[PDB]
There are 2 protein chains.
Amino acid sequence: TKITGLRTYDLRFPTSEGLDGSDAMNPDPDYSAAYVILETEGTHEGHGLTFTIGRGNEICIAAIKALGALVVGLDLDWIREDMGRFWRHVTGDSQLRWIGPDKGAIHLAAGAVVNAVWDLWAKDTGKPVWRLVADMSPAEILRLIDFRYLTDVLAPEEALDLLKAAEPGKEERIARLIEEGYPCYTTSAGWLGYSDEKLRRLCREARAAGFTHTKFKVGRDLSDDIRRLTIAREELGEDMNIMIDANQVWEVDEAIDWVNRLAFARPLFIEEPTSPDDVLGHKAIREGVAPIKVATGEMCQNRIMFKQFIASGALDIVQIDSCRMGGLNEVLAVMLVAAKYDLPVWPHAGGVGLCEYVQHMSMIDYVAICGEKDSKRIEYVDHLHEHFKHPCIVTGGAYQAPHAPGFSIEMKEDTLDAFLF
Amino acid sequence: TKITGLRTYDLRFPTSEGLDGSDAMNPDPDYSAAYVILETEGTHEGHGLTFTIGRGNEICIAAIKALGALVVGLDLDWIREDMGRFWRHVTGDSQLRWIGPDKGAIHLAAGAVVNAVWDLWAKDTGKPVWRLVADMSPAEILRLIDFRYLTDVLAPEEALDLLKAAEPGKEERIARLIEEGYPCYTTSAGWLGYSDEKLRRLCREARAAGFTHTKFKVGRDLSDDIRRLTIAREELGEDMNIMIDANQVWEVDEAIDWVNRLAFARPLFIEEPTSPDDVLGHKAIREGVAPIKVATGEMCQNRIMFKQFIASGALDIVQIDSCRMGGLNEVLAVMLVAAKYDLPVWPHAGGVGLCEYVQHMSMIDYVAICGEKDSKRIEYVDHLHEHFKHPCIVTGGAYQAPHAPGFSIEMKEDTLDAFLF
Ligand SMILES: [Mg+2]
Ligand SMILES: [Mg+2]
């Protein structure tokens, strides 16, 4: 099997029409996918995307096309033999690196391309991605990862030790996953643009559905946030776990003051209180708002930044995103760093196809990395699942384990035509 | 004056013919400019560029075009009235922020567009950019900067104190700059691909010309580094200051061992010993290679990363780049942070037009911010200056102060035709 070509689609969805996804930083996102198909001579094609919120999607498309020169002509077997080597290769064009390195449009594109390869690999072997990786031995999983710029915090030997320690319980955990699924929380009642009445209704829906955890956007107006969280608590009840997300908007001192003003709502954590680059900033905020925890990561650019967030104790909750960084391989590296420091990973899913991706990622984390899921929650949003051949399935507050071969990301063909920008 | 339109040029120079620019990370760079011209109804046009090394330049072009939607239609007086407001505006489209924020292709593009505006402003008033800014009162300079995500280390109040404190000595320093220029160092003898014979000749030329500081690329092969540096010391003499640049290639532990092995050559600093995102890693390397200094910054993505590098004491020498970040305004922000921590700024100039840019920026630093230049060195390389209408002028180891209106970046019309990719 050889990758023989690739096609790209600039897909944009009119989510702003109802302000779905609206938050303190992004008032009117148009959920969009920079979508890629890796062509083969065979029966399978590798589908992948990276997620943006409208304008700028075409910049990612440009970056995907550039990466295409590194991938077209490759043999899939060469890729599979040492995917860490492939990852170094695909992120290793020094000229393309200059556009990053491993950040912004070029790394968003890498996420799409890398995840497309996983889709292809999984389809070829007849396994959902979570199972494809979970079935691997510790050494085989270790081999997936490019450890460059990680070794001062997590060297391959220590990663291998973690993988070996988690190996003996894998079968039981797989069975448990089939029986129970993986618990998730909802942000769908929480978008900042919603009226209070809509907020009330969607809070009742979330509770009725069996979620134990619900997230709300905050950060534009303090008076609004106090009012909204008071109302949320009324509808949700005292037992509900509430979280809040500021989407990066605050300064450090502002953030500490503002979430302390929201302390009455008993939020489990504040998400992205400030810039996603500000490690020392998050750490200062963390100290100032304890016992309210601090979460961040959905825009954390790469493993180098994540390792510093984690090693410096700048956060309580690690929120990887499936295609912000260099796809599954880099996510797995971060999950191992998180496991070394006993920090939970709660993936971001606020976007088109993101749920479809991160379900597999946490399920790998559960089976083969940290071995625990009960105390964690994958993000979930109830938007745009209708465009996927195999959408995630959530009920009673949990993702059902994927069954179809691939990465759950392939879109219905009609969608590829209807939503072309 | 109104910005009425925009043109972009994908310009690529065949620098890989002689391996000019070659280093341990980038073995065959093709010096390129994602070049932009801002159109007006008047006699002036604002020229700017961001620098890349070949493939991927087109991603920057796409990002520049995207930012064009934020800039075309703007009145120049609205911009000048509060350029910090304008800076927030051009980097503030939440959807374009998703592609960054303030990093990668979108921010490189911001650098080109922001600096192009500076070029236009300077042309309109008839001054080189450095003097346009140096003639500003402390409050007017403060007004240029967007402090978002800086206030936990440098708030506007403290930045103003710094600016006010530098104010009385401005007239003297301007005089002194006109008399003396601004000292610079050369990297033109140090490219990794050069033969030993050529290394020797270039070292002799650098020494004759009166440079007191010369930089060499290292990091590909230890034996080569040992031999080349032995040769360099031999040709340059004992009074010469030698620096070395690894272009990010090492792990932390590897960097410490490798530069310590080169200690015999007495390097003033090691530049970019590791990933440009690794603040804690640079700090660890700095401890391990003492007394050899640590420099980094040419790819430091923005003020938020620079702020952490500086405040945490991860580096000795701050190497801003003129168009890696959001152009002049963000560079000035970082210079003020550096002034607070009394760290010197030695700008990167390894690329087409970079010398032309950074000469202005360090001269602003000297006259209006930190008030000291004798102990600092702006990078210089002698490549591609023949393409500029007003190239930098270097003699006796110092940049002559620009005197023609603009940012020195405008290229000759024939270059715009001949080097289109
Ligand atoms: Mg979030
Ligand atoms: Mg350098």
# chains A, B, ... in the order shown; residues from 1 in each chain; ligands from 1

$ select_by_dssp --residues "range 199-314 of chain B" --states "strand (DSSP E)" --output "number ranges by chain"
B: 213-217, 241-245, 267-271, 293-296

$ closest_atom_pairs --of "chain B" --to "chain A" --cutoff "8 Å" --atoms "only C-alpha atoms" --output "tab-separated table"
residue	atom	partner	partner_atom	distance
B:25	CA	A:94	CA	6.5
B:26	CA	A:94	CA	5.5
B:29	CA	A:95	CA	7.0
B:52	CA	A:98	CA	6.4
B:53	CA	A:95	CA	5.5
B:54	CA	A:95	CA	5.8
B:55	CA	A:95	CA	5.5
B:56	CA	A:96	CA	5.3
B:57	CA	A:99	CA	7.9
B:58	CA	A:62	CA	7.6
B:59	CA	A:62	CA	5.7
B:60	CA	A:99	CA	7.8
B:62	CA	A:59	CA	5.8
B:63	CA	A:59	CA	6.0
B:66	CA	A:56	CA	6.8
B:94	CA	A:26	CA	5.3
B:95	CA	A:55	CA	5.4
B:96	CA	A:56	CA	5.2
B:98	CA	A:52	CA	6.2
B:99	CA	A:104	CA	5.5
B:100	CA	A:104	CA	4.7
B:101	CA	A:104	CA	7.4
B:103	CA	A:104	CA	5.8
B:104	CA	A:104	CA	4.4
B:105	CA	A:99	CA	5.7
B:106	CA	A:104	CA	7.4
B:108	CA	A:99	CA	7.9
B:148	CA	A:251	CA	7.1
B:149	CA	A:251	CA	5.7
B:150	CA	A:251	CA	7.8
B:151	CA	A:251	CA	6.8
B:152	CA	A:252	CA	6.2
B:250	CA	A:149	CA	7.8
B:251	CA	A:149	CA	5.6
B:252	CA	A:152	CA	6.3
B:253	CA	A:152	CA	7.2
B:274	CA	A:149	CA	7.5
B:275	CA	A:149	CA	6.6
B:277	CA	A:304	CA	6.5
B:278	CA	A:304	CA	6.3
B:280	CA	A:308	CA	7.0
B:281	CA	A:152	CA	7.6
B:304	CA	A:278	CA	6.3
B:305	CA	A:277	CA	6.6
B:308	CA	A:280	CA	7.0

$ write_last_selection --atoms "C-alpha atoms" --output "mmCIF file, in the first residue's frame"
data_model
loop_
_atom_site.group_PDB
_atom_site.id
_atom_site.type_symbol
_atom_site.label_atom_id
_atom_site.label_comp_id
_atom_site.auth_asym_id
_atom_site.auth_seq_id
_atom_site.Cartn_x
_atom_site.Cartn_y
_atom_site.Cartn_z
ATOM 1 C CA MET B 25 18.931 22.527 11.406
ATOM 2 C CA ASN B 26 18.653 24.178 7.985
ATOM 3 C CA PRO B 29 17.867 27.402 3.006
ATOM 4 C CA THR B 52 11.233 32.326 5.440
ATOM 5 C CA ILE B 53 13.712 29.851 3.972
ATOM 6 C CA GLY B 54 11.816 28.550 0.948
ATOM 7 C CA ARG B 55 8.984 26.024 1.011
ATOM 8 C CA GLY B 56 6.141 27.359 3.159
ATOM 9 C CA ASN B 57 6.584 30.976 2.034
ATOM 10 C CA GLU B 58 3.244 30.508 0.274
ATOM 11 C CA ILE B 59 1.519 29.705 3.581
ATOM 12 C CA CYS B 60 2.696 33.098 4.824
ATOM 13 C CA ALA B 62 -2.043 33.118 2.325
ATOM 14 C CA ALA B 63 -1.961 34.463 5.881
ATOM 15 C CA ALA B 66 -6.193 36.915 5.182
ATOM 16 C CA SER B 94 -10.876 35.598 16.852
ATOM 17 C CA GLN B 95 -11.104 33.272 13.851
ATOM 18 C CA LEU B 96 -7.636 34.211 12.574
ATOM 19 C CA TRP B 98 -7.512 30.217 16.131
ATOM 20 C CA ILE B 99 -4.749 29.650 13.531
ATOM 21 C CA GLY B 100 -2.243 30.957 16.094
ATOM 22 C CA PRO B 101 -2.769 32.765 18.335
ATOM 23 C CA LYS B 103 2.467 32.261 16.488
ATOM 24 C CA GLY B 104 3.270 30.437 13.248
ATOM 25 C CA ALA B 105 2.143 31.597 9.798
ATOM 26 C CA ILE B 106 -0.531 34.031 10.995
ATOM 27 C CA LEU B 108 4.780 35.930 10.605
ATOM 28 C CA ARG B 148 -2.353 42.031 26.706
ATOM 29 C CA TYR B 149 -0.758 39.008 28.427
ATOM 30 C CA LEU B 150 2.163 41.118 29.713
ATOM 31 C CA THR B 151 0.798 42.798 32.859
ATOM 32 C CA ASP B 152 1.951 40.195 35.381
ATOM 33 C CA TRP B 250 19.982 19.401 20.728
ATOM 34 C CA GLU B 251 18.254 17.842 23.728
ATOM 35 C CA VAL B 252 19.024 19.579 27.039
ATOM 36 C CA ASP B 253 21.576 17.004 28.248
ATOM 37 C CA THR B 274 17.410 23.654 21.960
ATOM 38 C CA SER B 275 13.749 24.121 20.935
ATOM 39 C CA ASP B 277 9.653 26.938 23.001
ATOM 40 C CA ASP B 278 11.617 25.377 25.834
ATOM 41 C CA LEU B 280 12.743 25.593 31.322
ATOM 42 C CA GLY B 281 15.117 23.662 29.058
ATOM 43 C CA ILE B 304 4.267 35.960 26.059
ATOM 44 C CA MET B 305 7.057 33.458 25.466
ATOM 45 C CA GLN B 308 8.705 33.979 30.440
#

$ residues_near_ligand --ligand "ligand 2" --cutoff "9 Å" --atoms "only C-alpha atoms and all ligand atoms" --output "list in words"
residues 23, 217, 244, 245, 246, 247, 248, 271, 272, 295, 296, 297, 298, 299, 319, 348, 349 and 350 of chain B

$ atom_distance --atom1 "CA of residue 403 in chain A" --atom2 "CA of residue 382 in chain A"
20.0 Å

$ atom_distance --atom1 "CA of residue 198 in chain A" --atom2 "CA of residue 240 in chain A"
18.4 Å

$ closest_residue --among "A:339, A:370, A:320, A:3" --to "ligand 1" --atoms "only C-alpha atoms and all ligand atoms"
A:320

$ residues_around --residues "residue 186 in chain A" --least-positions-apart "3" --cutoff "6 Å" --atoms "only C-alpha atoms" --output "ChimeraX atom specification"
/A:214,380-381

$ write_last_selection --atoms "C-alpha atoms" --output "short mmCIF file (atom, residue, chain, number, x, y, z; two decimals), in the first residue's frame"
data_model
loop_
_atom_site.label_atom_id
_atom_site.label_comp_id
_atom_site.auth_asym_id
_atom_site.auth_seq_id
_atom_site.Cartn_x
_atom_site.Cartn_y
_atom_site.Cartn_z
CA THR A 214 -21.50 20.41 32.90
CA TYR A 380 -18.63 16.46 24.60
CA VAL A 381 -20.73 18.84 22.50
#

$ residues_around --residues "residue 127 in chain B" --least-positions-apart "6" --cutoff "12 Å" --atoms "only C-alpha atoms" --output "count of residues only"
16

$ residues_around --residues "residue 288 in chain A" --least-positions-apart "6" --cutoff "12 Å" --atoms "only C-alpha atoms" --output "PyMOL selection string"
chain A and resi 252-260+270+273+281-282+294+314

$ residues_around --residues "residue 1 in chain B" --least-positions-apart "2" --cutoff "12 Å" --atoms "only C-alpha atoms" --output "list in words"
residues 3, 4, 38, 39, 40, 41, 42, 43, 44, 45, 46, 72, 73, 74, 75, 76, 77, 78, 79, 80, 117, 120, 121, 123, 124 and 125 of chain B

$ decode --residues "range 115-133 of chain A" --atoms "N, CA and C atoms" --output "mmCIF file, in the first residue's frame"
data_model
loop_
_atom_site.group_PDB
_atom_site.id
_atom_site.type_symbol
_atom_site.label_atom_id
_atom_site.label_comp_id
_atom_site.auth_asym_id
_atom_site.auth_seq_id
_atom_site.Cartn_x
_atom_site.Cartn_y
_atom_site.Cartn_z
ATOM 1 N N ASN A 115 -3.199 12.251 11.553
ATOM 2 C CA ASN A 115 -4.421 11.538 11.877
ATOM 3 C C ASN A 115 -5.024 10.839 10.665
ATOM 4 N N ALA A 116 -4.819 11.397 9.472
ATOM 5 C CA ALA A 116 -5.282 10.732 8.250
ATOM 6 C C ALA A 116 -4.567 9.392 8.042
ATOM 7 N N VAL A 117 -3.278 9.367 8.352
ATOM 8 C CA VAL A 117 -2.492 8.150 8.225
ATOM 9 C C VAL A 117 -3.022 7.093 9.208
ATOM 10 N N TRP A 118 -3.304 7.505 10.444
ATOM 11 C CA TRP A 118 -3.909 6.600 11.419
ATOM 12 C C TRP A 118 -5.232 6.038 10.915
ATOM 13 N N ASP A 119 -6.043 6.889 10.290
ATOM 14 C CA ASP A 119 -7.315 6.448 9.725
ATOM 15 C C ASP A 119 -7.057 5.355 8.702
ATOM 16 N N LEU A 120 -6.067 5.587 7.843
ATOM 17 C CA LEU A 120 -5.732 4.619 6.804
ATOM 18 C C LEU A 120 -5.237 3.303 7.410
ATOM 19 N N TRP A 121 -4.321 3.416 8.370
ATOM 20 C CA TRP A 121 -3.714 2.248 9.019
ATOM 21 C C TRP A 121 -4.806 1.411 9.679
ATOM 22 N N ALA A 122 -5.682 2.080 10.418
ATOM 23 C CA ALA A 122 -6.765 1.407 11.117
ATOM 24 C C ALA A 122 -7.723 0.693 10.157
ATOM 25 N N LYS A 123 -8.091 1.362 9.064
ATOM 26 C CA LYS A 123 -8.982 0.760 8.069
ATOM 27 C C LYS A 123 -8.338 -0.484 7.477
ATOM 28 N N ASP A 124 -7.038 -0.397 7.216
ATOM 29 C CA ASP A 124 -6.322 -1.496 6.585
ATOM 30 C C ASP A 124 -6.299 -2.731 7.469
ATOM 31 N N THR A 125 -6.160 -2.532 8.774
ATOM 32 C CA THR A 125 -6.080 -3.664 9.698
ATOM 33 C C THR A 125 -7.454 -4.100 10.220
ATOM 34 N N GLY A 126 -8.490 -3.327 9.903
ATOM 35 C CA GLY A 126 -9.846 -3.670 10.287
ATOM 36 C C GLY A 126 -10.105 -3.453 11.767
ATOM 37 N N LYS A 127 -9.654 -2.313 12.289
ATOM 38 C CA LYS A 127 -9.814 -1.994 13.702
ATOM 39 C C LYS A 127 -10.148 -0.526 13.884
ATOM 40 N N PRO A 128 -11.000 -0.201 14.876
ATOM 41 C CA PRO A 128 -11.067 1.210 15.276
ATOM 42 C C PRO A 128 -9.711 1.625 15.842
ATOM 43 N N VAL A 129 -9.365 2.900 15.707
ATOM 44 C CA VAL A 129 -8.040 3.370 16.102
ATOM 45 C C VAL A 129 -7.729 3.054 17.562
ATOM 46 N N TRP A 130 -8.690 3.282 18.456
ATOM 47 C CA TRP A 130 -8.455 2.994 19.868
ATOM 48 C C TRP A 130 -8.018 1.542 20.083
ATOM 49 N N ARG A 131 -8.646 0.616 19.365
ATOM 50 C CA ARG A 131 -8.280 -0.777 19.499
ATOM 51 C C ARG A 131 -6.963 -1.080 18.789
ATOM 52 N N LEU A 132 -6.723 -0.411 17.667
ATOM 53 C CA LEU A 132 -5.482 -0.617 16.930
ATOM 54 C C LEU A 132 -4.276 -0.342 17.827
ATOM 55 N N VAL A 133 -4.335 0.757 18.573
ATOM 56 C CA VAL A 133 -3.231 1.125 19.464
ATOM 57 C C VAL A 133 -3.229 0.340 20.784
#
